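In what follows, a structure is listed as C-alpha cells, so that the remarks can point back to it.
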Amino acid sequence: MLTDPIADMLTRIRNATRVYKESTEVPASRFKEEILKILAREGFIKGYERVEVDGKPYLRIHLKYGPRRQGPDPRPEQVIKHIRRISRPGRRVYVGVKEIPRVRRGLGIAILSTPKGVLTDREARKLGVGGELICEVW
Amino acid sequence: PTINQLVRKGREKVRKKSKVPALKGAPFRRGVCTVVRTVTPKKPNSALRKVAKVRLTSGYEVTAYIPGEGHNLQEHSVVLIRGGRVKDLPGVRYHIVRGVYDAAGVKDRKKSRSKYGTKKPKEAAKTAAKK
RNA sequence: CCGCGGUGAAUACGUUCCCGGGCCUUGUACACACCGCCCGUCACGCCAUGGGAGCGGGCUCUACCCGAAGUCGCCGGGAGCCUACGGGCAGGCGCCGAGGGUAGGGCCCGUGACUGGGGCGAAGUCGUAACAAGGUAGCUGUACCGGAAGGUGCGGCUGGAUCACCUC
RNA sequence: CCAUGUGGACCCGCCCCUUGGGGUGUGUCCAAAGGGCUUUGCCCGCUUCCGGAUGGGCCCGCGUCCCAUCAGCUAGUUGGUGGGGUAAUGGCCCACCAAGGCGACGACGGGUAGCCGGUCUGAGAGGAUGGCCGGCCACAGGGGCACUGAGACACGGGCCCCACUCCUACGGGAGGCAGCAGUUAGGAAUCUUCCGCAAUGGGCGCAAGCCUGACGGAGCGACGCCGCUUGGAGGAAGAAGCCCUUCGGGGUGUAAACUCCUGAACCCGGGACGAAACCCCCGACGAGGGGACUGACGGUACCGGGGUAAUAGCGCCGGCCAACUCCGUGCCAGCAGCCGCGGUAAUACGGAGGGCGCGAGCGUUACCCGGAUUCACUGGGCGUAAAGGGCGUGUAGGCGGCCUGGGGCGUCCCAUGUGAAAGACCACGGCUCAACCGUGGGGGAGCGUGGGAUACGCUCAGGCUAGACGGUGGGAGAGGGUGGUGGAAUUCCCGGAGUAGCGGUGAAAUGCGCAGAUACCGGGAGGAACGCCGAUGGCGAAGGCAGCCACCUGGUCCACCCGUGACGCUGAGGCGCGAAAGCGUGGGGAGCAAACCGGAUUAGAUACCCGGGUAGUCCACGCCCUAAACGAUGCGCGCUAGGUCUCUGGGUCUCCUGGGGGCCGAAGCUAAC
Ligand SMILES: [Mg+2]
Ligand SMILES: [Mg+2]
Ligand SMILES: [Mg+2]
Ligand SMILES: [Mg+2]
Ligand SMILES: [Mg+2]
Ligand SMILES: [Mg+2]
Ligand SMILES: [Mg+2]
Ligand SMILES: [Mg+2]
Ligand SMILES: [Mg+2]
Ligand SMILES: [Mg+2]
Ligand SMILES: [Mg+2]
Ligand SMILES: [Mg+2]
Ligand SMILES: [Mg+2]
Ligand SMILES: [Mg+2]
Ligand SMILES: [Mg+2]
Ligand SMILES: [Mg+2]
Ligand SMILES: [Mg+2]
Ligand SMILES: [Mg+2]
Ligand SMILES: [Mg+2]
Ligand SMILES: [Mg+2]
Ligand SMILES: [Mg+2]
Ligand SMILES: [Mg+2]
Ligand SMILES: [Mg+2]
Ligand SMILES: [Mg+2]
Ligand SMILES: [Mg+2]
Ligand SMILES: [Mg+2]
Ligand SMILES: [Mg+2]
Ligand SMILES: [Mg+2]
Ligand SMILES: [Mg+2]
C-alpha cells in the first residue's frame, strides 16, 4: 500500500530516466494525471496516455531525454535532471503567493496546487494565488 | 528524525561551559596569594614556571600563572587575575596581571608593556620627542 | 701484510633446522618501525568528586494550643458619652489573621572525623595482559578465585591466522 | 433636618430588546453654599441629570525558558443554591448540597527570569538579550491590614508584628535614599552633597504667583559613537647617527636640516536662537488688535581682527594573519589562541634596526552571535567512525489507495480594522559635516470582521477493489509443547576369561593395578546427549530449534480467483518473550567441570600441561534479562540491468511465473572497504 501516491510517481519517473527507459507506467488518478499535464506541456516528458495493464489503470509516461554524447559515457543528458517532492504527507508545505518559489532560477518549474487547478510557479504567480507546493522539477 | 519527532521532543540547544569559574561573569579577579611555588611543565616542554595559588574574592582558591621574566609576589600579596590558560600547566586557567596591586610589572621590558603592565621608559628622559 | 709458486686431497644426500638475503602472499593496536606498542602495579605530587556519625542556619507541610493590627458579624442591658429616643459613639466578645510555640517527615546553603576510587604530571618500579598463530587465538555476558594484572568455567561472536580450517 | 424636583434611584406590572440594553405606570426614596468684584451685571463656585472626552477595572482566544533522576496534583479544591461583599462578573468570602476539577497536547515540584516596542548577530531560518528611550506589570526595610477618597489598599500616609540603628531619668518612644546629590560596605567597576526655575510639563489659585533635583542645563569618566588637530609645498642618487653589509654597499629617507605658505591654541571687540504668552489696555468678557516684564545654559556657541607649527601611541611581524635581519640567551629565561617555539645558525624567548596594522587611541580579559550544515526547519546522521531500541504484541499519536457529490476547518485570494511613539528602510531638511535631530513617505508578520475560490489536506455521504483480511485446495519445515520408544558410547556393579602394568606426557609425575587393574566376552543399573542423513540446507519475531513415533498448537508459501471492502503501515508508555551464567525450593547426577586438592613445567607460577573434584551443566515450578542478544545494518510499502548456484509451490515443467537462502554484478551509492 503506497503512502504518498504522488511521490511514488515522481520517483517512478526519476529512476526510470536514470536507466534511460523509454516510458514508465504509474497508477492512474486525476491528480497524478493533472500533475503530468504540466511535465508534458513543459517538455520534461514527451507525454502520457491512459493505458491498461492486467486490468488496472496506469499511466504510461513517455520519458524524454537528449542526444547521445561524445567521449566516454555516451548516455544522453537528462531532461528531468532533478525532480523532488516538497510538500510531503505529514509535512504539508503550503506557500502564499509571495512565498511561491523561484526554482532553478526559472530553468525549472514548481508545480503548485492552488484552489484554481494545478499550476506552475509562473501561472500561479500570474493568476495571483498560492497553495500546496506539490513539487519542484528541473 | 521525523519532523513529527522534531515536534514532540524537539531540539536541545547547546549549553556552554565557562572555562573560567570566576563568578558573576566578571572579567578580572582579586585574590590573596598563598603559596608561590614553581611547577614544572608537561609532556613536550620543560623548565620551571612561576605560578601562585590565589584565594579569590568570589571564594575560590585558584592557581594562576605568573607571566614575565621575573616577579615580586609573595605569601600575602594582593593580585589581579586576568584569564587565559597555559598549555603546559594543568589546573591553572588564569593569569596574574602586572602593575596592578602588589603585582608589579617586570623591569626593563620594552615591547609587550600593555601586556605585562609596565609604564614605558622616558628615553633620554625629555618631553614627548627630543633625545 | 701484499704477492709468487711447489706438492695437491675430501666431501655436497639434501633445505628441515642455525646466521644473512631476494620475490610473493597474510596479519598488524607498530612506522629513528619488535633492540616496537600498549595495559596494569608500587612509589613522590597536584586538581576535583561520592559517601559520610555528628552539629549549625534558613525555608515548607502536617496536627494541636497561643494570636497583634484591622475589617465583618453579635451585644451594646434602671452601671459610661451624645439622643428631636428612630438611633449614633466608646467599650466589650467572636470568626478570620501576621507571627509564635510543641512533635514529627522531606529541600537546599554551610562545617566536617571516618572512606572510595578518579583524572593528570617529570624521572623510576615490577609484571607482560593486548597488538603478528604476539608465543595459552581474541573479544564478550556471566560466575568464581586473585591486591591487581588476569586465570579457568558455561554459552555467544569473528571484530581469528595458518592451502587442518579452502572469497580476494 | 425639613421643603422643593427638570429629574434620577429602587420594588413592582407592562412594551420594544434580548444574560443588570431602552421606554413607561401608581407607590417610596434623594439635591444644594457660598465667595468676588467696575453690584440689576458678571466672574468663580455649587446641586441633580442625560451626552462627549479621557483614563481605568474585569473577562476570554492565542502566544511566553530549563530540568521527567519533579508524575501524579487538588478540599474552597470543581460545580450548585442562598447570602455577603465590590463600581461590576467571580470561590472574591461564608453556610449547606453534590463530587468533582487539573494532568504525558506535562498537571504538581525544583531552578531561572519582570514581559514587550526594540538591540546585537546572522545570507536567511535562527540565536542571544531586553541597561538607556517608550508602553504594561510588580515592589519601596521583611510581613499583614485597613481608613480617607473618583482613584491607594497608598515610596517621602496610617496600624500591628519581626529585624535593624537611634533617644531614653528603662515607664516608653523614633526612623527607613529601590527620589536628586552625597556616605559607607561589597566590587574588576559606575559621576556633581552643582546652577536654574528662563523653557516644556504637573500641582493649587480670578489672578498676581507659589511649588516642583519632573525637567531645562553645567561638572566629572576617551565608557561608546561622530567630526577635528599635531601642519602644507619644496627640499640630495642623498647629513649625522643607529642597523645590516663574504664589507663594493643596502636601509631608516625626503624623513629630518633648511626655505617658503597656512595658522588650532592664545589675545581684543562684538555676542544671540532657544521667548511668547499668562497680566494690563482697546474691543464685548469674542474674534482681533495695542502695551509691557520675562533667562539657567553665558558672556557660552557663533561672527569680525590679530596670531604661534603647536600631543602620539599602541598591538603585531612562524603558520591561520599583512610584517624580517642581527645580537644576546641555550629546553634556561621565557612565548602560547590552536599548532607549537627554546637543549650553543632560533624569521616563534629578550633588545636593536627595520616592517605591517590602527591612530587618540591600541592591546588585553570576560560574555552574546558568527565561523558551527557542531542540535541540521532552511541544512546532518546511525554496516565498520558516536548512533537501531534483544525480539514481539499493542495503547495515545503520527501517516493513509480509487471514483463522485455536500461542507469549505485547514489552505489560498480581495477588502477593511488593528499593527501608537521611538528604532529600522527611504526622500527631503536643520546643527559649517557627521554623529544627533526634524518633516514627509513605504512596508509589515500576526490577529478581528466581510466577501471569494475549492486543487491538495480535514470532515461528511455515496460507490469501487488495485492494500489488507477471510474462503477453496494444495506444499515444505530441527517452529513449539505433551507422552512414549530406540540404538551407539561412557562410567559404575555382577560373572567368565586373563595377567603386569594401564593410563598420561614435549618429556614426566601424581593417579589407577596381584583385595589381579588395562585389554577381550556376557549380563545388569543409571544419566546425559543423539551419529551417518546434514548441507554451501530448513524453520522461528528474536532467543533459538535436529534419533524416531503419536497427539495437541503457531506461523508461512503457492494455486483459484470465490467472500468482506481500506478494514491499512508505524508504534512513546504499557504487557509478554528473551543464549549462557547466576539465584530459590525439590529431585537427579553418567560424562564434563568454576572454586579447591595434588602432579609437572618456570627465575617464580595461586597459569598454559597432567590426575582428581565441588557448585554447576539435568528436570520441575518460581526468579534473574544480560549478551560481539551482530546481518554490529528498525518495520512496511512502491521503483531501478543482468547472470549464477540453491531450498520450496504453480506451471503449456531441465523454460517461464511466486516465496526464501547464497554467490557475482547494471545504474546508483559509499570516506573507503
Ligand atoms: Mg574577579
Ligand atoms: Mg612610558
Ligand atoms: Mg617633545
Ligand atoms: Mg599475549
Ligand atoms: Mg568449512
Ligand atoms: Mg411582572
Ligand atoms: Mg442583567
Ligand atoms: Mg549561518
Ligand atoms: Mg523615600
Ligand atoms: Mg508653567
Ligand atoms: Mg490661575
Ligand atoms: Mg547605541
Ligand atoms: Mg602671518
Ligand atoms: Mg547553527
Ligand atoms: Mg554529523
Ligand atoms: Mg485521501
Ligand atoms: Mg474556511
Ligand atoms: Mg510604529
Ligand atoms: Mg467510503
Ligand atoms: Mg499447521
Ligand atoms: Mg506493530
Ligand atoms: Mg540455566
Ligand atoms: Mg538451581
Ligand atoms: Mg564423583
Ligand atoms: Mg559503532
Ligand atoms: Mg499454471
Ligand atoms: Mg529471491
Ligand atoms: Mg556485489
Ligand atoms: Mg559502477
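Identifiers in this document derive from the order of the C-alpha cells: chains are assigned A, B, ..., residues are numbered from 1 separately in each chain, and ligands are numbered from 1 in order of occurrence.
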Determine, for each residue of chain B having at least one atom at most 8 Å from an atom of chain C, the closest pair of atoms and their separation in Å to one decimal, counting only C-alpha atoms (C1' of nucleotides); order by chain and ascending number, as CSV.
residue,atom,partner,partner_atom,distance
B:40,CA,C:122,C1',7.3
B:41,CA,C:122,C1',8.0
B:42,CA,C:121,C1',6.8
B:90,CA,C:120,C1',7.4
B:91,CA,C:47,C1',5.9
Output as a PyMOL selection string the set of chain B residues within 7 Å of chain D, with distances taken over only C-alpha atoms (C1' of nucleotides). chain B and resi 4+11-13+25-29+45-47+69+82-83+86+114-115
Distance cut-off 8 Å, counting only C-alpha atoms (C1' of nucleotides) - which residues of chain A neighbour chain D? Return them as a ChimeraX atom specification. /A:1-3,8,11-12,15-16,18-19,29,56,89-90,92,94,96-97,113-118,128-132
List all protein, DNA and RNA residues that have any atom at most 9 Å from ligand 13, counting only C-alpha atoms (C1' of nucleotides) and all ligand atoms, and write the list as number ranges by chain. D: 262-263, 307
Next, write the just-selected residues to a file, as a PDB file, in the first residue's frame, keeping C-alpha atoms (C1' of nucleotides) as the atom set.
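Output below, filename result22.pdb:
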ATOM      1  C1'   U D 262      48.701  78.468   6.050  1.00  0.00           C
ATOM      2  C1'   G D 263      47.905  79.396  11.170  1.00  0.00           C
ATOM      3  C1'   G D 307      48.036  85.071  15.915  1.00  0.00           C
TER       4        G D 307
END
Within 9 Å of ligand 19 (counting only C-alpha atoms (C1' of nucleotides) and all ligand atoms), which residues show up? I'd like them as a list in words.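 Every residue with an atom at most 9 Å from ligand 19 is listed here: residues 461, 462, 463 and 566 of chain D.
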Counting only C-alpha atoms (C1' of nucleotides) and all ligand atoms, which protein, DNA or RNA residues come within 12 Å of ligand 10, given as an MDAnalysis selection string? chainID D and resid 197:203 209:212 215 277:278
At a cut-off of 10 Å around ligand 24, and using only C-alpha atoms (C1' of nucleotides) and all ligand atoms, what residues come up? Please write them as a PyMOL selection string. chain D and resi 589+612-614
